[PDB]
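# Architecture and fold: a report
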Amino acid sequence: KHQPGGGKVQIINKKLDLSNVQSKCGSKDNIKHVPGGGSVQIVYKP
């Protein structure tokens, strides 16, 4: 919606973006894509 930088202008990326749900730079719990510094768990950057 606003992720494109303005509802009036759409970069189509909106579909990729969750939108307001995204809030944080990533999804909930950092998309749990933790590569290492994120929390060192999966340690396999998705």
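Residues numbered from 1 in each chain as written, not as in the entry; some residues may be left out. Heavy atoms only, no water.

This entry lists solution NMR as its structure determination method.

Helices and strands together make up the secondary structure of the chain, namely 1 helix and 0 strands. Dimensions of the chain, computed from the C-alpha atoms along their principal axes, are close to 40 × 15 × 15 Å. Across the 46 residues of the chain, 13% fall into the buried class. Element-wise, carbon and sulfur atoms account for 56% of the exposed surface of the chain, whose accessible area totals about 3900 Å². (Helix = DSSP H or I, 4+ residues; strand = E, 2+ residues; numbered from the N terminus. Buried < 20%, exposed > 50% of the residue type's maximum accessible area, 1.4 Å probe, protein only. Areas by Shrake-Rupley, 256 points an atom, 1.4 Å probe, with all protein chains shown as cover.)

A word on the environment of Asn 13. Position of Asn 13 relative to the elements: it lies in helix α1 (residues 13-16). Each C-alpha atom, one on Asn 13 and one on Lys 1, is 9.4 Å from the other, the two residues being 12 residues apart in sequence.

Right, let's talk about unusual backbone geometry for a bit. Although it is not a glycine, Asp 29 adopts a positive phi angle of roughly 60°. With respect to the helices and strands, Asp 29 occurs in the segment after α1. Its identity is not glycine, yet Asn 30 carries a phi of approximately 55°, on the positive side. With respect to the helices and strands, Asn 30 occurs in the segment after α1.

If you trace the backbone, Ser 19 turns up in the segment after α1. The residues touching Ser 19, leaving out its near neighbours within four places in the chain, are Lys 1 and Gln 3. (Contact = heavy atoms within 4.5 Å.)

Turning next to the environment of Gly 6. If you trace the backbone, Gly 6 turns up in the segment before α1. Spatially, the C-alpha atoms of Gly 6 and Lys 24 are 18 Å apart, while their sequence positions differ by 18 residues.

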